[PDB]
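Quick look at coords36.txt (compact mmCIF, C-alpha atoms and all ligand atoms):
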```
# COMPACT_ATOMS: atom_id res chain seq x y z
CA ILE A 1 0.00 0.00 0.00
CA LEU A 2 0.93 3.69 -0.38
CA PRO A 3 1.37 5.83 2.74
CA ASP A 4 -1.03 8.75 2.92
CA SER A 5 1.98 11.00 3.57
CA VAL A 6 5.72 10.72 2.94
CA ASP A 7 8.62 12.89 4.09
CA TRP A 8 12.03 11.45 3.26
CA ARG A 9 13.66 13.88 5.72
CA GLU A 10 12.22 11.72 8.53
CA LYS A 11 14.36 8.80 7.32
CA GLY A 12 17.54 10.89 7.07
CA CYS A 13 17.69 10.68 3.26
CA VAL A 14 17.85 14.45 2.50
CA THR A 15 20.92 16.66 2.90
CA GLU A 16 20.78 20.29 3.99
CA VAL A 17 19.22 22.84 1.62
CA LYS A 18 21.76 24.29 -0.80
CA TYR A 19 22.00 27.82 -2.21
CA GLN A 20 22.67 27.94 -5.95
CA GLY A 21 23.21 31.70 -6.08
CA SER A 22 23.45 33.27 -9.52
CA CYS A 23 24.26 30.07 -11.35
CA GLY A 24 21.41 28.48 -13.27
CA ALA A 25 22.42 25.01 -12.08
CA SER A 26 19.16 23.90 -10.45
CA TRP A 27 19.35 20.77 -12.61
CA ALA A 28 22.64 19.85 -10.94
CA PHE A 29 21.23 20.15 -7.42
CA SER A 30 18.07 18.25 -8.32
CA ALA A 31 20.10 15.33 -9.63
CA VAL A 32 22.56 15.08 -6.71
CA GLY A 33 19.68 15.42 -4.25
CA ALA A 34 17.98 12.40 -5.79
CA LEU A 35 21.22 10.39 -5.79
CA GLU A 36 22.06 11.35 -2.18
CA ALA A 37 18.86 9.62 -1.02
CA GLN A 38 19.76 6.42 -2.86
CA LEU A 39 23.28 6.52 -1.41
CA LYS A 40 21.81 6.65 2.11
CA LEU A 41 19.11 4.07 1.37
CA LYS A 42 21.72 1.59 0.11
CA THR A 43 24.76 2.25 2.36
CA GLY A 44 23.38 4.15 5.36
CA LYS A 45 25.63 7.19 4.83
CA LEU A 46 24.14 10.62 4.08
CA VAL A 47 26.72 12.61 2.09
CA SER A 48 26.17 15.74 0.02
CA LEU A 49 27.21 15.07 -3.57
CA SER A 50 29.00 17.61 -5.74
CA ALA A 51 26.68 19.68 -7.94
CA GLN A 52 29.84 21.47 -9.10
CA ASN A 53 31.08 18.10 -10.38
CA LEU A 54 28.07 18.00 -12.70
CA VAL A 55 28.31 21.68 -13.71
CA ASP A 56 31.97 21.27 -14.71
CA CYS A 57 31.94 17.75 -16.18
CA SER A 58 28.41 16.84 -17.39
CA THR A 59 28.56 19.20 -20.37
CA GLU A 60 28.14 19.02 -24.16
CA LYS A 61 27.92 15.21 -24.36
CA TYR A 62 24.90 15.44 -22.03
CA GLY A 63 23.20 18.48 -23.51
CA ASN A 64 24.00 20.49 -20.37
CA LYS A 65 25.38 24.04 -20.21
CA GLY A 66 26.61 24.49 -16.64
CA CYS A 67 25.33 27.71 -15.08
CA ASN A 68 23.07 28.10 -18.17
CA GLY A 69 20.90 25.07 -17.50
CA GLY A 70 20.75 21.36 -18.13
CA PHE A 71 18.87 18.17 -17.38
CA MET A 72 18.65 15.74 -14.47
CA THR A 73 18.34 12.71 -16.78
CA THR A 74 21.60 13.34 -18.61
CA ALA A 75 23.31 14.33 -15.37
CA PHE A 76 22.56 10.78 -14.20
CA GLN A 77 23.94 9.41 -17.48
CA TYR A 78 27.21 11.26 -16.87
CA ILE A 79 27.43 9.62 -13.44
CA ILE A 80 26.80 6.23 -15.08
CA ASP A 81 29.38 6.96 -17.80
CA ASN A 82 31.92 8.42 -15.33
CA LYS A 83 31.52 5.54 -12.83
CA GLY A 84 31.15 8.02 -10.00
CA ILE A 85 30.55 11.50 -8.67
CA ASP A 86 32.64 13.30 -6.07
CA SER A 87 31.39 14.34 -2.66
CA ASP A 88 30.41 17.99 -2.26
CA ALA A 89 33.07 18.40 0.45
CA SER A 90 35.88 17.38 -1.92
CA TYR A 91 34.54 19.19 -5.02
CA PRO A 92 32.80 22.24 -3.54
CA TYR A 93 30.26 24.49 -5.23
CA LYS A 94 31.37 27.87 -6.58
CA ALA A 95 28.29 28.97 -8.57
CA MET A 96 30.28 29.32 -11.79
CA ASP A 97 31.43 27.26 -14.74
CA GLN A 98 34.82 25.62 -14.20
CA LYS A 99 37.12 23.18 -15.94
CA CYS A 100 36.28 19.58 -15.11
CA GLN A 101 38.23 18.49 -12.03
CA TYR A 102 36.66 15.13 -11.24
CA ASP A 103 38.94 13.05 -9.02
CA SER A 104 38.09 9.35 -8.57
CA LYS A 105 40.02 9.28 -5.28
CA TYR A 106 37.12 11.26 -3.75
CA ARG A 107 34.24 9.50 -5.56
CA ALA A 108 31.37 9.17 -3.07
CA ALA A 109 28.59 7.59 -5.12
CA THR A 110 27.86 5.77 -8.34
CA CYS A 111 24.73 5.42 -10.45
CA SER A 112 23.59 2.18 -12.10
CA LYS A 113 20.57 3.46 -14.00
CA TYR A 114 17.81 6.01 -14.01
CA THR A 115 14.08 5.86 -14.70
CA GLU A 116 11.93 8.48 -16.39
CA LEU A 117 8.25 8.46 -15.33
CA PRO A 118 5.32 9.09 -17.69
CA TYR A 119 4.28 12.68 -18.35
CA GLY A 120 1.63 14.14 -16.06
CA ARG A 121 0.96 10.93 -14.09
CA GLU A 122 0.76 12.17 -10.51
CA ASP A 123 -0.39 8.70 -9.37
CA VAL A 124 2.78 7.12 -10.77
CA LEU A 125 4.85 9.93 -9.22
CA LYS A 126 3.20 9.24 -5.86
CA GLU A 127 4.04 5.55 -6.06
CA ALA A 128 7.68 6.21 -7.00
CA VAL A 129 8.13 8.74 -4.18
CA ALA A 130 6.62 6.23 -1.74
CA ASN A 131 8.47 3.11 -2.94
CA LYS A 132 11.70 4.42 -4.53
CA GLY A 133 12.70 7.70 -2.90
CA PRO A 134 12.90 11.39 -3.77
CA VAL A 135 12.28 12.11 -7.46
CA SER A 136 13.92 14.76 -9.65
CA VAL A 137 11.30 16.95 -11.38
CA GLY A 138 11.02 20.18 -13.29
CA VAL A 139 8.41 22.78 -12.40
CA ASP A 140 7.07 26.02 -13.85
CA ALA A 141 8.52 28.39 -11.25
CA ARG A 142 8.77 31.59 -13.32
CA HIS A 143 5.72 33.23 -11.79
CA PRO A 144 6.06 35.92 -9.08
CA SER A 145 3.99 33.89 -6.62
CA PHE A 146 6.68 31.18 -6.67
CA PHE A 147 9.44 33.66 -5.81
CA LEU A 148 7.33 35.09 -2.95
CA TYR A 149 6.13 31.76 -1.50
CA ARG A 150 6.33 31.56 2.30
CA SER A 151 4.02 28.78 3.51
CA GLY A 152 0.86 26.80 2.81
CA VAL A 153 0.10 24.85 -0.35
CA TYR A 154 1.26 26.69 -3.46
CA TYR A 155 -1.34 27.05 -6.21
CA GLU A 156 -0.80 29.48 -9.09
CA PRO A 157 -3.58 29.83 -11.71
CA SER A 158 -1.12 31.06 -14.39
CA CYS A 159 1.16 28.03 -14.01
CA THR A 160 1.73 25.79 -17.01
CA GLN A 161 3.03 22.24 -17.48
CA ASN A 162 6.16 23.54 -19.23
CA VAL A 163 9.02 23.27 -16.74
CA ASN A 164 11.85 25.77 -16.29
CA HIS A 165 13.45 25.00 -12.88
CA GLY A 166 14.73 21.72 -11.45
CA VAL A 167 13.66 20.67 -7.94
CA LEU A 168 13.43 17.54 -5.79
CA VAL A 169 10.19 15.90 -4.64
CA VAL A 170 11.03 14.49 -1.20
CA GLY A 171 7.50 13.58 -0.18
CA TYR A 172 3.80 14.36 -0.22
CA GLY A 173 0.77 14.76 2.00
CA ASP A 174 -2.12 17.10 2.72
CA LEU A 175 -2.32 20.36 4.67
CA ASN A 176 -5.69 20.06 6.39
CA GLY A 177 -6.99 18.27 3.32
CA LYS A 178 -5.10 20.41 0.74
CA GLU A 179 -3.00 17.80 -1.11
CA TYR A 180 0.61 18.80 -1.79
CA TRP A 181 4.00 17.60 -3.01
CA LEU A 182 6.89 18.25 -0.60
CA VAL A 183 9.51 19.98 -2.77
CA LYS A 184 13.15 20.74 -1.90
CA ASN A 185 14.41 23.86 -3.69
CA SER A 186 18.03 25.07 -4.02
CA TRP A 187 17.51 28.71 -3.02
CA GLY A 188 18.88 28.32 0.51
CA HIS A 189 16.86 28.02 3.70
CA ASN A 190 15.32 31.51 3.42
CA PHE A 191 13.06 30.44 0.55
CA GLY A 192 9.68 29.07 1.58
CA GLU A 193 9.54 26.80 4.64
CA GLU A 194 13.24 26.49 5.52
CA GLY A 195 14.02 26.00 1.83
CA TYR A 196 11.00 23.82 1.04
CA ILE A 197 7.78 24.48 -0.86
CA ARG A 198 4.57 22.44 -0.76
CA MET A 199 3.12 22.40 -4.27
CA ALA A 200 -0.48 21.57 -5.21
CA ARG A 201 -0.98 17.84 -5.78
CA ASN A 202 -3.61 16.13 -7.99
CA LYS A 203 -4.66 19.41 -9.59
CA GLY A 204 -4.02 18.53 -13.23
CA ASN A 205 -0.22 18.30 -13.15
CA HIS A 206 -0.02 21.72 -11.60
CA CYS A 207 3.06 23.74 -12.63
CA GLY A 208 4.27 20.69 -14.58
CA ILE A 209 5.47 18.92 -11.44
CA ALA A 210 4.83 15.51 -13.03
CA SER A 211 5.86 16.52 -16.57
CA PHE A 212 9.44 15.14 -16.57
CA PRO A 213 10.23 13.21 -13.39
CA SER A 214 13.21 10.89 -13.04
CA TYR A 215 15.15 9.10 -10.31
CA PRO A 216 18.49 7.25 -10.27
CA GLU A 217 19.28 3.89 -8.75
CA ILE A 218 22.27 2.14 -7.20
CA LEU A 219 21.88 -1.58 -7.83
CA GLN A 220 23.14 -4.29 -5.46
CA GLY A 221 24.09 -7.09 -7.85
CA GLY A 222 21.28 -8.83 -9.72
CA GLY A 223 19.48 -12.13 -10.31
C1 LIG A 301 14.47 30.03 -20.07
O1 LIG A 301 15.09 29.42 -18.94
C2 LIG A 301 14.88 28.08 -18.75
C3 LIG A 301 14.05 27.30 -19.55
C4 LIG A 301 13.90 25.95 -19.27
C5 LIG A 301 14.58 25.38 -18.20
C6 LIG A 301 14.45 23.98 -17.90
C7 LIG A 301 14.28 22.82 -17.69
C8 LIG A 301 14.00 21.42 -17.59
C9 LIG A 301 13.51 20.76 -18.72
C10 LIG A 301 13.22 19.40 -18.69
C11 LIG A 301 12.71 18.78 -19.91
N1 LIG A 301 13.01 17.51 -20.17
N2 LIG A 301 12.40 17.26 -21.37
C12 LIG A 301 12.53 15.93 -21.96
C13 LIG A 301 13.96 15.67 -22.44
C14 LIG A 301 14.57 16.86 -23.18
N3 LIG A 301 16.06 16.83 -23.36
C15 LIG A 301 16.43 16.68 -24.78
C16 LIG A 301 17.94 16.81 -24.96
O2 LIG A 301 18.63 16.65 -23.73
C17 LIG A 301 18.11 15.52 -23.04
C18 LIG A 301 16.70 15.78 -22.55
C19 LIG A 301 11.75 18.35 -21.85
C20 LIG A 301 11.92 19.34 -20.95
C21 LIG A 301 11.33 20.70 -21.15
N4 LIG A 301 10.17 20.51 -22.04
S1 LIG A 301 8.89 21.52 -22.01
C22 LIG A 301 9.41 23.03 -22.73
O3 LIG A 301 8.59 21.75 -20.63
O4 LIG A 301 7.89 20.94 -22.85
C23 LIG A 301 10.51 19.90 -23.34
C24 LIG A 301 10.97 18.46 -23.13
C25 LIG A 301 13.43 18.68 -17.51
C26 LIG A 301 13.93 19.32 -16.38
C27 LIG A 301 14.21 20.68 -16.42
CL1 LIG A 301 14.83 21.45 -14.99
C28 LIG A 301 15.42 26.16 -17.41
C29 LIG A 301 15.57 27.52 -17.67
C30 LIG A 301 16.47 28.37 -16.81
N5 LIG A 301 15.84 28.59 -15.49
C31 LIG A 301 15.11 29.86 -15.44
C32 LIG A 301 14.28 30.02 -14.19
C33 LIG A 301 12.89 29.92 -14.24
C34 LIG A 301 12.13 30.08 -13.09
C35 LIG A 301 12.74 30.34 -11.88
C36 LIG A 301 14.12 30.44 -11.82
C37 LIG A 301 14.88 30.28 -12.97
```

Show this structure as structure tokens.
Ligand SMILES: COc1ccc(C#Cc2cc(-c3nn(CCCN4CCOCC4)c4c3CN(S(C)(=O)=O)CC4)ccc2Cl)cc1CNCc1ccccc1
Amino acid sequence: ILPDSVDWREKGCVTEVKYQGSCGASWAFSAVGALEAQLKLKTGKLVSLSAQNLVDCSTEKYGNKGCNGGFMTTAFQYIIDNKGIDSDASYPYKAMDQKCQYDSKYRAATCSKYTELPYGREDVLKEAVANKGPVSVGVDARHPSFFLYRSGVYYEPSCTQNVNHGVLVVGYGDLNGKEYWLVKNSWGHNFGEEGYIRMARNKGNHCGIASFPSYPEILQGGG
């Protein structure tokens, strides 16, 4: 069965909120955030992974442009191709494009595969968040109400299903009935509720939250 509510922070699978600054690298944070949860699920260690590693190294082969945007799916493919990603501690974030400085000596996680979920299916997103872990998603976050969000369940009538900002679904629930997705942003802890925003759930793929979801996996052998 599916829990009525999920918050992956309760199980210690979510690192501290990061602050991307003036580097359009939300895709990098969304991808590492999803992989961090799998690293903890599979090994028990919660380590921040290096978004800067993706910004510098997951580039033109993966359709990504560093501080000018990119994609969580191909970020995961780089980690598969590279056979690792560095910890954030060892490859820290500078909010600018750099030369690739990946060092395998400090590799903290790998990725075996990733799964893309079907467009707009909030039921399938719910099941993945419940049974797999946090899911990387894009949202339409260009509207002023997103930038000003403080609390409650976010609903914006002008939102569309075209995504323009990468975030991390770490759970779901309802606020006094009002169904929401628990969303980790990368605008530091002063955005929203200590860096989190609850976004309207089951209201016709609101703000595109279920448009392009994906999550990575770390496989233990096989049968
Ligand atoms: C103009 O600025 C933009 C515009 C777009 C984005 C973005 C994005 C984004 C996009 C996707 C996304 N995957 N796929 C499927 C795969 C596409 N790929 C093809 C080639 O490579 C591999 C994957 C699509 C979209 C977008 N769609 S669509 C228009 O929605 O139909 C078309 C199909 C998945 C995750 C993210 Cl995150 C980011 C910025 C910069 N951020 C600005 C900003 C906005 C608000 C608040 C703060 C900052």

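For the set A:43, A:20, A:59, A:52, the residue with the smallest atom-to-atom gap to residue 110 (chain A) is A:43, counting all atoms listed in the file.
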
Find the distance between CA of residue 199 (chain A) and CA of residue 67 (chain A) and write it in Å to one decimal.
25.3 Å

For residue 34 (chain A), which residue among A:48, A:206, A:162, A:178 is the nearest when counting all atoms listed in the file?
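Smallest distance to residue 34 (chain A) is found for A:48.
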
Contact table chain A vs ligand LIG 301 (chain A), cut-off 8 Å, shortest pair per residue, only C-alpha atoms and all ligand atoms, as CSV:
```
residue,atom,partner,partner_atom,distance
A:24,CA,A:LIG301,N5,6.0
A:26,CA,A:LIG301,CL1,6.7
A:27,CA,A:LIG301,CL1,5.2
A:62,CA,A:LIG301,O2,6.6
A:63,CA,A:LIG301,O2,4.9
A:64,CA,A:LIG301,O2,7.4
A:68,CA,A:LIG301,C30,6.7
A:69,CA,A:LIG301,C30,5.6
A:70,CA,A:LIG301,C7,6.6
A:71,CA,A:LIG301,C26,5.2
A:72,CA,A:LIG301,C26,6.2
A:73,CA,A:LIG301,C18,6.7
A:74,CA,A:LIG301,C17,6.0
A:137,CA,A:LIG301,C26,6.1
A:138,CA,A:LIG301,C26,4.3
A:139,CA,A:LIG301,CL1,7.0
A:140,CA,A:LIG301,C34,6.5
A:141,CA,A:LIG301,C34,4.4
A:142,CA,A:LIG301,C34,3.7
A:143,CA,A:LIG301,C34,7.3
A:147,CA,A:LIG301,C35,7.7
A:161,CA,A:LIG301,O3,6.4
A:162,CA,A:LIG301,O3,3.3
A:163,CA,A:LIG301,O3,4.2
A:164,CA,A:LIG301,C5,3.4
A:165,CA,A:LIG301,CL1,4.4
A:166,CA,A:LIG301,CL1,3.6
A:167,CA,A:LIG301,CL1,7.2
A:208,CA,A:LIG301,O3,7.5
A:211,CA,A:LIG301,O3,7.2
A:212,CA,A:LIG301,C25,5.4
A:213,CA,A:LIG301,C25,7.6
```

Taking all atoms listed in the file into account, name the residue in A:149, A:76, A:196, A:119 that is nearest to residue 218 (chain A).
A:76

State, in Å with one decimal place, the distance from CA of residue 148 (chain A) to CA of residue 187 (chain A).
12.0 Å

Quick one: of A:46, A:195, A:207, A:77, who's nearest to residue 113 (chain A), counting all atoms listed in the file?
A:77

Using all atoms listed in the file, the best pick from A:32, A:1, A:124, A:6 as closest to residue 172 (chain A) would be A:6

Mind pulling up the distance from CA of residue 8 (chain A) to CA of residue 154 (chain A)?
19.8 Å

Measuring between only C-alpha atoms, which one of A:204, A:3, A:144, A:33 shows the shortest distance to residue 183 (chain A)?
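When distances to residue 183 (chain A) are compared using only C-alpha atoms, the smallest one comes from A:33.
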
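With only the atoms specified (only C-alpha atoms) counting, those residues at most 6 Å away from (12.4, 10.4, -12.4) are residues 115, 116, 117, 135, 136, 213, 214 and 215 of chain A.
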
Starting from 8 Å padding per side, set up an axis-aligned box that covers all listed atoms of region 140-158 of chain A and hand over centre and edge lengths in Å, one decimal, as JSON.
```
{"center_x": 2.9, "center_y": 30.4, "center_z": -5.4, "size_x": 29.0, "size_y": 27.1, "size_z": 33.9}
```
